[PDB]
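Chemist: Take this structure first; my questions come after.
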Amino acid sequence: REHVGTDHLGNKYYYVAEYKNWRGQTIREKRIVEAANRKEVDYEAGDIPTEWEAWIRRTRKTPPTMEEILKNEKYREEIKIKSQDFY
Amino acid sequence: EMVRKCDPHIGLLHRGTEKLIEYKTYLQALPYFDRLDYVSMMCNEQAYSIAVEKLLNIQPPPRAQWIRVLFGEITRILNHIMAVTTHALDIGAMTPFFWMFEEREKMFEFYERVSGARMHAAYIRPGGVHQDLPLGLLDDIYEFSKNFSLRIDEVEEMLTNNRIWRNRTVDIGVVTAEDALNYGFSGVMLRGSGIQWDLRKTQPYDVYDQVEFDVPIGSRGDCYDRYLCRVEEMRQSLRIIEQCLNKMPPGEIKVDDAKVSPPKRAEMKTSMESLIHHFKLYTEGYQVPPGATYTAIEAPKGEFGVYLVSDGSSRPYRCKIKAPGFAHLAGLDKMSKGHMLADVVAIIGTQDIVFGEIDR
Amino acid sequence: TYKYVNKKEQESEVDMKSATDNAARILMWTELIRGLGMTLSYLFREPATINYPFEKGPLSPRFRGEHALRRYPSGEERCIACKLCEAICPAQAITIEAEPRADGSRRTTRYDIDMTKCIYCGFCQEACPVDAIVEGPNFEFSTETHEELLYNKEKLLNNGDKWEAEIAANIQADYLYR
Amino acid sequence: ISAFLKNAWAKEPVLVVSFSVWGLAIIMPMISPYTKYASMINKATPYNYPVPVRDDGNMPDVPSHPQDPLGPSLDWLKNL
Amino acid sequence: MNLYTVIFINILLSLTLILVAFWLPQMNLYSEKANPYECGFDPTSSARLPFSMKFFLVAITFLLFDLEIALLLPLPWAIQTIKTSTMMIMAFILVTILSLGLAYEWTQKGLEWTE
Amino acid sequence: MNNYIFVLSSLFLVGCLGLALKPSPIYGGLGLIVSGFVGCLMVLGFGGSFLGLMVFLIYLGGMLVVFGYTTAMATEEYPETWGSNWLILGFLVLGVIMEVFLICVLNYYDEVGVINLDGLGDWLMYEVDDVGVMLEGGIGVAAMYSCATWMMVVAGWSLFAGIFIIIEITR
Amino acid sequence: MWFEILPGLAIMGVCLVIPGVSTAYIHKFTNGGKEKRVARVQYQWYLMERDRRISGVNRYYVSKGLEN
Amino acid sequence: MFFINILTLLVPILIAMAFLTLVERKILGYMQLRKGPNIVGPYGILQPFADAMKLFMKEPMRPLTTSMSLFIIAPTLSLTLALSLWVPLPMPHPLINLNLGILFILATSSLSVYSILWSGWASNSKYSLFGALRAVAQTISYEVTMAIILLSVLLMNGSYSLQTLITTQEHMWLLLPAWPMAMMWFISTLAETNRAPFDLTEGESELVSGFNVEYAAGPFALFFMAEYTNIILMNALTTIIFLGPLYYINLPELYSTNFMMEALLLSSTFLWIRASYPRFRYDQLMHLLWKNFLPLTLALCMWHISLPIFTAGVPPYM
Amino acid sequence: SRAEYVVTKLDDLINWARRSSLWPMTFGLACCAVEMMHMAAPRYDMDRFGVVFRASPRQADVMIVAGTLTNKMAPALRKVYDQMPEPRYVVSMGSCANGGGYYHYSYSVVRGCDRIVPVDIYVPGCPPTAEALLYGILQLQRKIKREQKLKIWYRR
Ligand SMILES: CCCCCCCCCCCCCCCCCC(=O)OC[C@H](COP(=O)(O)OCCN)OC(=O)CCCCCCCCCCCCCCCCC
Ligand code: SF4
Ligand code: SF4
Ligand code: SF4
């Protein structure tokens, strides 16, 4: 196992490559999350950063940098403003 | 439990596909063909593409043809896995379903990576394929194919020599060759009773004339024979996948005739002719010469045919899809004679049917 | 070329050893034991299931998901009411009504997609001349009432704003292939 | 007609084994040397009180005590 | 007393479970919910029409074989007999008769099913 | 525990009356299975184990076949239960009350001759070999294999010829 | 892996061992340290009845030795 | 105290069945390359109770065409017999020492068929009738050979009492003298429990559900509970008859533990087979039995009548 | 604390049972049934969440309308819904079922299953990804998690 990030929300991500255990069964590689809640029923869309989901689903090759997410927090918040001016 | 008479009552999935298509442009009608035989989507759309190209007098590029055959054979693996595994589940044996649906999931991954949709892809279009293969897809397909043999061998170890499977399938739903031809059966239904026939060989299309493979042929014309043919056909399709992987040629993916194929987006944002062509193609769509044609392909279920009628306008005049299951399931009453309800449950599987194509 | 799957072979292949082999196979359920062994072999393998909600399956840059309306980086809305997406949509889900704004530009007073009539084909993002309408990577948007699936312009623009970074990354990854 | 039996052993083994074990069941009791001992053991198993017999003086063989040497002995069972 | 007690407790447990099941859940009863089931389309006839049995001959043969099992069951006590020759001979005769009857019904295509 | 065997016998009479009123064969078979169970209990109370267990086993099989045949051949659109027809229901209740009245009448008229509701249960089991070993009905029924061999011969021939007879009848 | 089958199987095993142990211990406790006597035959029932009548407490398990 | 013994024999058995459901689902999952239940509690240990609750709290149904009497009786009878059959078993000391324990088991199990039969008739539906008549065929198959199998092993046991089997197998398993009988017994138990491959009385594919098509909620729960109690009971019967455990008069708990191990292994084997094999066609089931098991079973019955006589090994009565 | 507290906990237990064990009926009408099968497949494994398929509507809870709802089919779907025992829920998957979908303007297709039955969760797509259907199932579990039936009775 490895740690990769602990976002603002609280979720903790891990990366786990391929290893073969006692008899060498060959456990397959994984990209996992550990959420703010450990109950599946209580999982709602948007509980995960949109950027982080990408690396979880392999669309994004390498893990995000928290600053990269921080920028996304900027643009998203104030993009709704600049469109109010430009009618 | 003797079945005296079988009276199928179809049409419970009829949606007026053929009438709807008359109000949609040819490209607008392409997605309808994904919805027909929903376990052989790419083969269906390949049939439609071949028909429309025949009418237009246009020829898809070599790389497009090779990709189309590659994904047609992958789709055949999908359909044959579905048929064999759901037949096994219907009989009673259940583990092969999960074992091979894992592989089906991997194959849907390939589908999505090349098209963006797991199924109902709408990838193969008249004039070639929508987009070129993403980098690495061929390597991943090779990795899948190099191991699919173990999975198929394990399923065969499960069912082929099983005494229970042999008792529940062998000598069930015997169909003679002459009756097969007369009733109009096609594909594996013919090749199980022993008629030597396969459109990929007798009436080649695409690059099928340049790929080498064997056509499994039955002997006793029963459910066991047909199941064996389906398994061996999956093996032959793996062979063809290897050939295509080694024979993929370089070039473009859609006919470089912007009056039938949409222009590249980058060019569309620079060249006036490309912009006009993009506009008219995605609005009015290309115009097909007045004519009528019938094209058939060896879809994983059988001979999938479309009888397209064009009146010189951007919209088709009449599109009649020959589902290979429509002729098959009609012969259910003939096949299930002197057999009990369990044997009927089994015979339904061998016909290898999806009511999407049956009802259209 | 053909190959018989189940051709009957020889009827005269008769020996005491062979008859004993056949009788042993019949009486001792040899093939059945072999199948049991195969199933046991499977038992001890790694399960292939993914802990779904906290581990999601692979998705490519070309994934066709929830339609979204992008914005120009300044803040301007990219869509210029060309209506090609409406003209091409196979299922006739998009309905657009546009007017000339004060400046004189094209802008859509209403842009509505009926997501219960949409077939997620992607022909809209295919034919959008300014890359305005894009089908985002999102796939989780099941609603509790039918009226929430009738997306409107505000909902689409909010989706675009929310998924801008990933939509942008996928577009950069894919545009060469397009 | 060895071919008939041998083809039977190849195609319908169950009937062959059934008939063979049936024949063995019929035969073995005659062949076996221990068959005699079954009835002797069953008689030995003493399930009723051995009613004594009045001693009239004309009964040499019948014993007067269980531990006397006379009468039936079960050593043949003791080391059967 | 003990067998009665245990079986009565079993009966009471089953009945209590049935009563809980029938008196706890909320009940909404209407005709469509209460009508028979046939795979989505209403029934075309009653379920009490004659339902021909294709194994009637083997049903009656099962009666006869059950009675012959009846004749066989005393063997564990019988084997304790002192007339072992007679016991074994009679048991062999009975089993042979059973086998020959089965063989006749087999060769007369009796164990097969009518069509 | 004194009225145990009498209660079992009365329940047997009730079951047999239900059978006599000839309801639909399905419910007749149900009542017959109940009667067989009651008879098994009666035999066990009298101390015979094998015989009672034996009727139970044999008749579970027999009434299974009876079920098969009745549902294949002896069926109406509206099978009639005991309560389906007031005629049958009234004669069922009448049988119960009349049998009770007869029991009371015999009790009063002669308290010892036939029914003795006084001292009921006193005269069940008469003698027992307290120190005996083999007394169970299994040994007696095993006598067939040693002494009453003619009996088993006739029974076995009955079954053997029965096979041929049913084959030809059903032909 | 396959280790996760074992939990429920452990609950199985405990619930299937409890009956035999429980009945054995109850028999010993309620018959005074000796496992319940079995009356397969009228002779054994007679012996048990004699023991009950000789106990003086009307319990067959209460035993009397040479001291009596 | 007998009531405490009743509780200690019933509550653990009901719990064992409850968790047998979960064990089946998880073993099938891990054998099909999936994880099976694993959310409802740690490793899915609460799933059986969750499902039991849901079933007992879902509406119970009384279809208008049903014979309410038998419709309510048959499930109750099924559960009653399922629980009752556990009574005579020696593990090692039985709750109720019946001299004719095996005959008791045979009669009660044979009565269990009437639950299926009456339920299928009372449902007054076509699929229910199909299921009832298929149950008729299954019984006609298994019983005739079951009885002879038990007789053949009893000729060496010496008596019909189950407790005698422990002393008989004090030195070896009955399996070694009679593995041929044991395999037919195993397949016959498979058939009797209506379990796969012989899962015809509820063939979810052919018939949506057999006898239990119109049964929902608690009644259906009772049928399922009886089924999975009978599975454990038959595997226990096999463990006792053949596969004899170890008896050391000083250490009964050793017998108890060995019995639990062997019964658990065989019950798991049932699920193993379920996942491995397809289903029979009930005609083929009947032919299998009558035309393969029955001849060999009869021949072995004669063989085992002979063997005591010509080996001078007749067992002791008592 | 109060009868309200005990009733709330009882309701929580009720809903925990119902949501942890919900058995979809084997209903599938078109392509979308294939994605339902994949959701059943090993990779996602519905059983892991306690979800298991049952054939008889009498023994089901949730009806997953997967595929187009043709006019000919509508009566059968309505009757199987009615024959399901209460409490019962309806999950609509795919455009075919949420609305008319691709075939919305056709003469045979009923424009949405919600017209024939009361729907609980609408899962969009064409076909909705197996992952999407799994998310819809979790949403239905949340819906059950908030029920307050016993509380509403006690306050009633
Ligand atoms: C020394 C002198 C005296 C010696 C006496 C001894 C003589 C030797 C006797 C040897 C014979 C042993 C008994 C064998 C019984 C087997 C019956 C049989 O022949 O097989 C029947 C069937 C085979 O299939 P089928 O082709 O239909 O048979 C007819 C062919 N014409 O086979 C089947 O029924 C299989 C279908 C059911 C499958 C059920 C799944 C079982 C899975 C394997 C179980 C493994 C564990 C078994 C052990 C259990 C232990 C308790
Ligand atoms: S994805 Fe296709 S069906 Fe959906 S809105 Fe876009 S063009 Fe229309
Ligand atoms: S195609 Fe693009 S620019 Fe044209 S109307 Fe649609 S979203 Fe706007
Ligand atoms: S919603 Fe789309 S994928 Fe699903 S059945 Fe309909 S056309 Fe096929």
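Every chain in the structure tokens has a letter given in the order shown (A, B, ...), and although residue numbers restart at 1 in each chain, ligands are simply numbered from 1 in the order shown.
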Could you report the residues within 6 Å of ligand 1, using only C-alpha atoms and all ligand atoms, as a list in words?

Modeler: residues 26, 27, 29, 32 and 33 of chain C; 12, 14 and 21 of chain D; 180, 182, 183, 186, 187, 292 and 293 of chain H

Chemist: Hey, what does DSSP flag as alpha helix (DSSP H) within range 2-164 of chain C? Can you give it to me as an NGL selection string?

Modeler: :C and (16-28 or 30-43 or 84-88 or 123-127 or 153-162 or 164)

Chemist: Fewer than 4 positions away in the same chain doesn't count, so skip those; otherwise give me all residues within 10 Å of range 94-108 of chain E, counting only C-alpha atoms, as a PDB file with N, CA, C and O atoms, in the first residue's frame.

Modeler:
```pdb
ATOM      1  N   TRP D  22     -23.902 -60.228  -7.871  1.00  0.00           N
ATOM      2  CA  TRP D  22     -24.975 -61.175  -7.589  1.00  0.00           C
ATOM      3  C   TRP D  22     -24.454 -62.608  -7.618  1.00  0.00           C
ATOM      4  O   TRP D  22     -24.721 -63.406  -6.707  1.00  0.00           O
TER       5      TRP D  22
ATOM      6  N   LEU E  57     -47.135 -45.863 -14.726  1.00  0.00           N
ATOM      7  CA  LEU E  57     -46.708 -47.244 -14.561  1.00  0.00           C
ATOM      8  C   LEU E  57     -45.634 -47.354 -13.494  1.00  0.00           C
ATOM      9  O   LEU E  57     -45.692 -48.236 -12.632  1.00  0.00           O
ATOM     10  N   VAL E  58     -44.649 -46.457 -13.522  1.00  0.00           N
ATOM     11  CA  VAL E  58     -43.620 -46.523 -12.500  1.00  0.00           C
ATOM     12  C   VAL E  58     -44.151 -46.054 -11.158  1.00  0.00           C
ATOM     13  O   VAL E  58     -43.604 -46.440 -10.130  1.00  0.00           O
ATOM     14  N   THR E  61     -45.508 -49.269  -9.909  1.00  0.00           N
ATOM     15  CA  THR E  61     -44.336 -50.081  -9.615  1.00  0.00           C
ATOM     16  C   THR E  61     -43.637 -49.597  -8.357  1.00  0.00           C
ATOM     17  O   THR E  61     -43.032 -50.396  -7.639  1.00  0.00           O
ATOM     18  N   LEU E  64     -45.399 -51.190  -5.496  1.00  0.00           N
ATOM     19  CA  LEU E  64     -44.988 -52.582  -5.323  1.00  0.00           C
ATOM     20  C   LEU E  64     -43.583 -52.678  -4.736  1.00  0.00           C
ATOM     21  O   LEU E  64     -43.325 -53.492  -3.841  1.00  0.00           O
ATOM     22  N   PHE E  65     -42.659 -51.854  -5.224  1.00  0.00           N
ATOM     23  CA  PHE E  65     -41.302 -51.889  -4.698  1.00  0.00           C
ATOM     24  C   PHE E  65     -41.246 -51.403  -3.260  1.00  0.00           C
ATOM     25  O   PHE E  65     -40.416 -51.877  -2.484  1.00  0.00           O
ATOM     26  N   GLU E  68     -42.042 -54.307  -1.298  1.00  0.00           N
ATOM     27  CA  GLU E  68     -40.966 -55.290  -1.244  1.00  0.00           C
ATOM     28  C   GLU E  68     -39.839 -54.824  -0.327  1.00  0.00           C
ATOM     29  O   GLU E  68     -39.223 -55.640   0.369  1.00  0.00           O
ATOM     30  N   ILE E  69     -39.581 -53.517  -0.280  1.00  0.00           N
ATOM     31  CA  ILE E  69     -38.757 -52.965   0.787  1.00  0.00           C
ATOM     32  C   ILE E  69     -39.347 -53.345   2.135  1.00  0.00           C
ATOM     33  O   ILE E  69     -38.620 -53.623   3.098  1.00  0.00           O
ATOM     34  N   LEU E  71     -41.013 -56.050   2.862  1.00  0.00           N
ATOM     35  CA  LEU E  71     -40.636 -57.434   3.120  1.00  0.00           C
ATOM     36  C   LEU E  71     -39.176 -57.538   3.521  1.00  0.00           C
ATOM     37  O   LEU E  71     -38.814 -58.406   4.322  1.00  0.00           O
ATOM     38  N   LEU E  72     -38.323 -56.672   2.974  1.00  0.00           N
ATOM     39  CA  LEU E  72     -36.897 -56.774   3.264  1.00  0.00           C
ATOM     40  C   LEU E  72     -36.526 -56.239   4.640  1.00  0.00           C
ATOM     41  O   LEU E  72     -35.585 -56.745   5.255  1.00  0.00           O
ATOM     42  N   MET E  88     -30.956 -67.001   4.477  1.00  0.00           N
ATOM     43  CA  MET E  88     -30.203 -66.493   3.339  1.00  0.00           C
ATOM     44  C   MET E  88     -30.855 -66.910   2.030  1.00  0.00           C
ATOM     45  O   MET E  88     -30.959 -66.105   1.099  1.00  0.00           O
ATOM     46  N   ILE E  89     -31.297 -68.165   1.934  1.00  0.00           N
ATOM     47  CA  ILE E  89     -31.914 -68.620   0.696  1.00  0.00           C
ATOM     48  C   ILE E  89     -33.162 -67.808   0.405  1.00  0.00           C
ATOM     49  O   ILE E  89     -33.406 -67.402  -0.736  1.00  0.00           O
ATOM     50  N   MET E  90     -33.970 -67.546   1.431  1.00  0.00           N
ATOM     51  CA  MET E  90     -35.225 -66.846   1.201  1.00  0.00           C
ATOM     52  C   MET E  90     -34.968 -65.395   0.826  1.00  0.00           C
ATOM     53  O   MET E  90     -35.645 -64.843  -0.051  1.00  0.00           O
ATOM     54  N   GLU E 112     -39.766 -46.550 -19.365  1.00  0.00           N
ATOM     55  CA  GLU E 112     -39.838 -45.419 -20.271  1.00  0.00           C
ATOM     56  C   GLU E 112     -41.157 -44.681 -20.070  1.00  0.00           C
ATOM     57  O   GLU E 112     -42.095 -45.185 -19.447  1.00  0.00           O
TER      58      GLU E 112
ATOM     59  N   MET F 152     -43.885 -65.686   3.388  1.00  0.00           N
ATOM     60  CA  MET F 152     -43.101 -64.802   2.544  1.00  0.00           C
ATOM     61  C   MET F 152     -43.132 -65.259   1.099  1.00  0.00           C
ATOM     62  O   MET F 152     -43.092 -64.429   0.191  1.00  0.00           O
ATOM     63  N   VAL F 153     -43.197 -66.569   0.864  1.00  0.00           N
ATOM     64  CA  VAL F 153     -43.282 -67.064  -0.507  1.00  0.00           C
ATOM     65  C   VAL F 153     -44.533 -66.521  -1.184  1.00  0.00           C
ATOM     66  O   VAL F 153     -44.476 -65.984  -2.298  1.00  0.00           O
ATOM     67  N   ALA F 155     -46.379 -63.921  -0.338  1.00  0.00           N
ATOM     68  CA  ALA F 155     -46.327 -62.468  -0.486  1.00  0.00           C
ATOM     69  C   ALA F 155     -45.431 -62.064  -1.654  1.00  0.00           C
ATOM     70  O   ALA F 155     -45.791 -61.200  -2.471  1.00  0.00           O
ATOM     71  N   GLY F 156     -44.251 -62.674  -1.743  1.00  0.00           N
ATOM     72  CA  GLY F 156     -43.335 -62.335  -2.811  1.00  0.00           C
ATOM     73  C   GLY F 156     -43.902 -62.661  -4.174  1.00  0.00           C
ATOM     74  O   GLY F 156     -43.756 -61.881  -5.117  1.00  0.00           O
ATOM     75  N   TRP F 157     -44.556 -63.816  -4.304  1.00  0.00           N
ATOM     76  CA  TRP F 157     -45.210 -64.114  -5.569  1.00  0.00           C
ATOM     77  C   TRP F 157     -46.303 -63.103  -5.862  1.00  0.00           C
ATOM     78  O   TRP F 157     -46.515 -62.726  -7.016  1.00  0.00           O
ATOM     79  N   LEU F 159     -46.377 -59.920  -5.142  1.00  0.00           N
ATOM     80  CA  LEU F 159     -45.767 -58.720  -5.716  1.00  0.00           C
ATOM     81  C   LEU F 159     -45.214 -58.990  -7.112  1.00  0.00           C
ATOM     82  O   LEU F 159     -45.395 -58.180  -8.038  1.00  0.00           O
ATOM     83  N   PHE F 160     -44.536 -60.125  -7.281  1.00  0.00           N
ATOM     84  CA  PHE F 160     -43.937 -60.451  -8.567  1.00  0.00           C
ATOM     85  C   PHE F 160     -44.988 -60.504  -9.661  1.00  0.00           C
ATOM     86  O   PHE F 160     -44.849 -59.857 -10.704  1.00  0.00           O
ATOM     87  N   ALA F 161     -46.055 -61.271  -9.442  1.00  0.00           N
ATOM     88  CA  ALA F 161     -47.127 -61.337 -10.423  1.00  0.00           C
ATOM     89  C   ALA F 161     -47.854 -60.010 -10.537  1.00  0.00           C
ATOM     90  O   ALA F 161     -48.399 -59.696 -11.599  1.00  0.00           O
ATOM     91  N   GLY F 162     -47.876 -59.220  -9.464  1.00  0.00           N
ATOM     92  CA  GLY F 162     -48.484 -57.911  -9.552  1.00  0.00           C
ATOM     93  C   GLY F 162     -47.806 -57.043 -10.586  1.00  0.00           C
ATOM     94  O   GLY F 162     -48.466 -56.298 -11.311  1.00  0.00           O
ATOM     95  N   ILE F 163     -46.476 -57.125 -10.668  1.00  0.00           N
ATOM     96  CA  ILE F 163     -45.764 -56.327 -11.668  1.00  0.00           C
ATOM     97  C   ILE F 163     -46.287 -56.641 -13.067  1.00  0.00           C
ATOM     98  O   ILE F 163     -46.650 -55.741 -13.838  1.00  0.00           O
ATOM     99  N   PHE F 164     -46.348 -57.928 -13.408  1.00  0.00           N
ATOM    100  CA  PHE F 164     -46.816 -58.324 -14.732  1.00  0.00           C
ATOM    101  C   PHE F 164     -48.258 -57.896 -14.933  1.00  0.00           C
ATOM    102  O   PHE F 164     -48.644 -57.432 -16.017  1.00  0.00           O
ATOM    103  N   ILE F 167     -48.538 -54.190 -15.577  1.00  0.00           N
ATOM    104  CA  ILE F 167     -48.012 -53.898 -16.909  1.00  0.00           C
ATOM    105  C   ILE F 167     -49.083 -54.170 -17.955  1.00  0.00           C
ATOM    106  O   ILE F 167     -49.407 -53.310 -18.784  1.00  0.00           O
TER     107      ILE F 167
ATOM    108  N   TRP H 290     -33.556 -45.351 -11.208  1.00  0.00           N
ATOM    109  CA  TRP H 290     -34.145 -46.676 -11.375  1.00  0.00           C
ATOM    110  C   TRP H 290     -33.262 -47.601 -12.203  1.00  0.00           C
ATOM    111  O   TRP H 290     -33.192 -48.801 -11.927  1.00  0.00           O
ATOM    112  N   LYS H 291     -32.596 -47.083 -13.230  1.00  0.00           N
ATOM    113  CA  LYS H 291     -31.864 -47.914 -14.170  1.00  0.00           C
ATOM    114  C   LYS H 291     -30.363 -47.946 -13.918  1.00  0.00           C
ATOM    115  O   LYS H 291     -29.638 -48.538 -14.721  1.00  0.00           O
ATOM    116  N   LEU H 294     -30.632 -48.402  -8.700  1.00  0.00           N
ATOM    117  CA  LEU H 294     -31.456 -49.483  -8.165  1.00  0.00           C
ATOM    118  C   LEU H 294     -30.884 -50.859  -8.466  1.00  0.00           C
ATOM    119  O   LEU H 294     -30.820 -51.690  -7.545  1.00  0.00           O
ATOM    120  N   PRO H 295     -30.466 -51.179  -9.692  1.00  0.00           N
ATOM    121  CA  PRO H 295     -29.887 -52.513  -9.921  1.00  0.00           C
ATOM    122  C   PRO H 295     -28.678 -52.780  -9.051  1.00  0.00           C
ATOM    123  O   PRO H 295     -28.595 -53.823  -8.388  1.00  0.00           O
ATOM    124  N   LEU H 298     -29.621 -53.151  -5.373  1.00  0.00           N
ATOM    125  CA  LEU H 298     -30.194 -54.456  -5.067  1.00  0.00           C
ATOM    126  C   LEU H 298     -29.116 -55.531  -5.034  1.00  0.00           C
ATOM    127  O   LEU H 298     -29.102 -56.396  -4.144  1.00  0.00           O
ATOM    128  N   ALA H 299     -28.201 -55.491  -6.002  1.00  0.00           N
ATOM    129  CA  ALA H 299     -27.126 -56.472  -6.024  1.00  0.00           C
ATOM    130  C   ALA H 299     -26.262 -56.351  -4.778  1.00  0.00           C
ATOM    131  O   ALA H 299     -25.882 -57.360  -4.175  1.00  0.00           O
ATOM    132  N   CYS H 301     -27.316 -55.213  -1.948  1.00  0.00           N
ATOM    133  CA  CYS H 301     -28.126 -55.701  -0.838  1.00  0.00           C
ATOM    134  C   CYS H 301     -27.964 -57.204  -0.685  1.00  0.00           C
ATOM    135  O   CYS H 301     -27.779 -57.714   0.426  1.00  0.00           O
ATOM    136  N   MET H 302     -28.023 -57.932  -1.797  1.00  0.00           N
ATOM    137  CA  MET H 302     -27.788 -59.371  -1.709  1.00  0.00           C
ATOM    138  C   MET H 302     -26.357 -59.669  -1.277  1.00  0.00           C
ATOM    139  O   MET H 302     -26.115 -60.592  -0.488  1.00  0.00           O
TER     140      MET H 302
END
```

Chemist: Could you please extract the residues within 6 Å of ligand 3, counting only C-alpha atoms and all ligand atoms, and hand them back as a list in words?

Modeler: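 Here is the list of contacting residues: residues 79, 80, 81, 82, 83, 84, 85, 127, 128, 129, 130, 132 and 133 of chain C.
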
Chemist: Compute the chain D side of the contact with chain E at 7 Å, counting only C-alpha atoms, and hand it back as a list in words.

Modeler: residues 39, 42 and 43 of chain D

Chemist: Please identify every residue of chain I that has at least one atom no farther than 12 Å from an atom of chain C, counting only C-alpha atoms, and for each give the shortest atom pair and the distance in Å to one decimal, arranged by chain then increasing number, as a Markdown table.

Modeler:
```
| residue | atom | partner | partner_atom | distance |
| --- | --- | --- | --- | --- |
| I:38 | CA | C:49 | CA | 11.5 |
| I:39 | CA | C:49 | CA | 10.5 |
| I:40 | CA | C:49 | CA | 10.5 |
| I:41 | CA | C:49 | CA | 8.6 |
| I:42 | CA | C:49 | CA | 5.3 |
| I:43 | CA | C:49 | CA | 3.9 |
| I:44 | CA | C:49 | CA | 5.4 |
| I:45 | CA | C:49 | CA | 6.4 |
| I:46 | CA | C:49 | CA | 9.9 |
| I:47 | CA | C:49 | CA | 10.9 |
| I:48 | CA | C:51 | CA | 9.2 |
| I:49 | CA | C:52 | CA | 10.4 |
| I:68 | CA | C:117 | CA | 11.9 |
| I:90 | CA | C:144 | CA | 11.1 |
| I:91 | CA | C:144 | CA | 9.8 |
| I:92 | CA | C:142 | CA | 9.7 |
| I:93 | CA | C:142 | CA | 9.2 |
| I:94 | CA | C:116 | CA | 7.9 |
| I:95 | CA | C:116 | CA | 4.8 |
| I:96 | CA | C:116 | CA | 7.7 |
| I:97 | CA | C:116 | CA | 8.2 |
| I:98 | CA | C:116 | CA | 5.6 |
| I:99 | CA | C:116 | CA | 4.9 |
| I:100 | CA | C:117 | CA | 6.0 |
| I:101 | CA | C:117 | CA | 4.1 |
| I:102 | CA | C:91 | CA | 5.3 |
| I:103 | CA | C:91 | CA | 7.8 |
| I:104 | CA | C:117 | CA | 6.8 |
| I:105 | CA | C:91 | CA | 9.0 |
| I:106 | CA | C:91 | CA | 11.4 |
| I:111 | CA | C:117 | CA | 9.3 |
| I:112 | CA | C:116 | CA | 8.5 |
| I:113 | CA | C:146 | CA | 10.6 |
| I:114 | CA | C:146 | CA | 8.2 |
| I:115 | CA | C:146 | CA | 10.6 |
| I:118 | CA | C:145 | CA | 10.3 |
| I:119 | CA | C:145 | CA | 8.0 |
| I:120 | CA | C:144 | CA | 6.1 |
| I:121 | CA | C:144 | CA | 4.9 |
| I:122 | CA | C:142 | CA | 5.4 |
| I:123 | CA | C:142 | CA | 4.6 |
| I:124 | CA | C:142 | CA | 6.1 |
| I:125 | CA | C:120 | CA | 6.8 |
| I:126 | CA | C:119 | CA | 5.3 |
| I:127 | CA | C:119 | CA | 8.2 |
| I:128 | CA | C:139 | CA | 8.0 |
| I:129 | CA | C:139 | CA | 7.5 |
| I:130 | CA | C:139 | CA | 10.2 |
| I:131 | CA | C:52 | CA | 7.7 |
| I:132 | CA | C:140 | CA | 5.7 |
| I:133 | CA | C:142 | CA | 8.6 |
| I:134 | CA | C:52 | CA | 8.5 |
| I:135 | CA | C:140 | CA | 6.7 |
| I:136 | CA | C:142 | CA | 6.1 |
| I:137 | CA | C:142 | CA | 9.8 |
| I:138 | CA | C:53 | CA | 9.4 |
| I:139 | CA | C:142 | CA | 8.1 |
| I:140 | CA | C:144 | CA | 8.9 |
| I:142 | CA | C:144 | CA | 11.1 |
| I:143 | CA | C:144 | CA | 9.0 |
```
